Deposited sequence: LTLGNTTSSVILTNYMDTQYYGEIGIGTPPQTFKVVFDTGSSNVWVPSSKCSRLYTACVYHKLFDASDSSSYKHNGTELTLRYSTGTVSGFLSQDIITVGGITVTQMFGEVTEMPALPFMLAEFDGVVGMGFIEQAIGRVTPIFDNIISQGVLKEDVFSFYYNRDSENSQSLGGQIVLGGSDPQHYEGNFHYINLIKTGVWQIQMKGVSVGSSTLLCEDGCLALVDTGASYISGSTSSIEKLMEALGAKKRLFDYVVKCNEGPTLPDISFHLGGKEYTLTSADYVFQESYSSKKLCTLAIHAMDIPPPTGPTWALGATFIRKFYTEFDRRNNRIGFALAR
């Protein structure tokens, strides 16, 4: 019956990491995961893990009655780091939906960057076209069940605060308690990737970048808004922000006066004020404040592209429509 509309509560770790809980096996073994529209594979650390594994929950296949062996070796390369392991199959529970899934048991999890990760693994919300080993993604297997009210999933990311809700993922629809107004939809360029066409990025009331059009990957697993090194250099010059490591900074006192950043997607302009992209941790003229925007040279086929991560998602509640191959945005509350 197509009437299921399940949700997973997320935890906000310092506006950079948003993770929820999944259960693997019989009885269920729980894991903190990132739900990533940028990738299409499910992976958690394995009990068979020989640097970062000490700090994370490990999947023990020998404690699962529903486990089915596979063992195909697998390497999952990310913009942040790389993991390796082998494939396994078991039952996975995501907010009351149970699915037989092929996932990766990770045996190579480096302390850089995974020691910094508050989550154990990743649940890829991408398409099979981007899946490593051509492994069927979890959302495709939920679709096949015919339980969902709609072949959609939504993301709400809150601003860090207090016993408030860090975020929420809705499988089968959207939560109108978390958005204002109505959704505006933009069709995907092509199926296989959660990427839409962008028609310009403007600083203030004038179009500075992406004048001849560019790409925007709507990435739930990205912490920040990102662009090509060249684009981010031009943007940061316009903002009067200076480079300090892989971070861009402004003097904390100058933060509240930085201009609005606008992304032209579909029919409209999606605007971020300085309060949306500056980590305003002080207001002193002596201290330096971090911007939630950075350079990221995404390699082909996906890149060169901009990526609208948690910085964007916090402002705009996002709906990912698999039935219509489109992305919807509405102002978040």
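- Residues of the deposited sequence with no modelled C-alpha atom fall in the ranges 1-2, 53-55, 167-168.
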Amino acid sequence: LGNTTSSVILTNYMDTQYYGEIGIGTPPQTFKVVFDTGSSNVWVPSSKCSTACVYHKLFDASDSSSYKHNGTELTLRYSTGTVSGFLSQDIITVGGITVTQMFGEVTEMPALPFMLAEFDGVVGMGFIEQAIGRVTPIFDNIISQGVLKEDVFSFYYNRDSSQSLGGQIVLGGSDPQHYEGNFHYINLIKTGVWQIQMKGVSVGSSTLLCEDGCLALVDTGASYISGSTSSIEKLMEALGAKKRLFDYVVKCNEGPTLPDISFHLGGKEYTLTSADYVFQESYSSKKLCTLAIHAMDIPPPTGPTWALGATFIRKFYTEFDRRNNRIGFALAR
From here on, numbers count along this sequence of modelled residues.
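Take the two forms, find the largest set of C-alpha atoms that superpose within 1.5 Å, and that set is the rigid core.
- Relative to the shown model and aligned on the rigid core, the C-alphas in 9 other deposited structures of this protein deviate most, among 196-204 and 241-249, for 241-249.
- Once the structures in 9 other deposited structures of this protein are superposed via the core, the pair 132-140 and 75-83 is resolved in favour of 75-83 as the more displaced stretch (C-alpha RMS).
- At least a third of the other compared entries skip residue 164 while keeping the residues on either side.
- Per the records, residue 331 is modelled in every other compared entry, just as the shown structure includes it, so no third of them leave it out.
- For the pair 301-309 and 57-65, the record assigns the higher mean C-alpha temperature factor to 301-309.
- Judged by mean Cα B factor in the deposited record, 74-82 ranks above the other of 74-82 and 255-263.
- Remark: of 192, 166, 110, 121, 110 shows the highest value [criterion: C-alpha B-factor in the PDB entry].
- Each of 150, 140, 90, 211 has a CA temperature factor in the record; the biggest one is found at 211.
- Residue 126 sits in the lowest third of its chain by CA B factor, as recorded in the PDB entry.
- Sort the modelled residues of the chain by CA B factor and residue 277 lands in the middle third.
- Remark: residue 294 belongs to the highest third of its chain, ranked by C-alpha B-factor as recorded.
- Ranked by C-alpha B-factor against the other modelled residues of its chain, residue 185 falls in the middle third.
- The entry lists a Cα temperature factor for residue 100 that places it in the lowest third of the chain's modelled residues.
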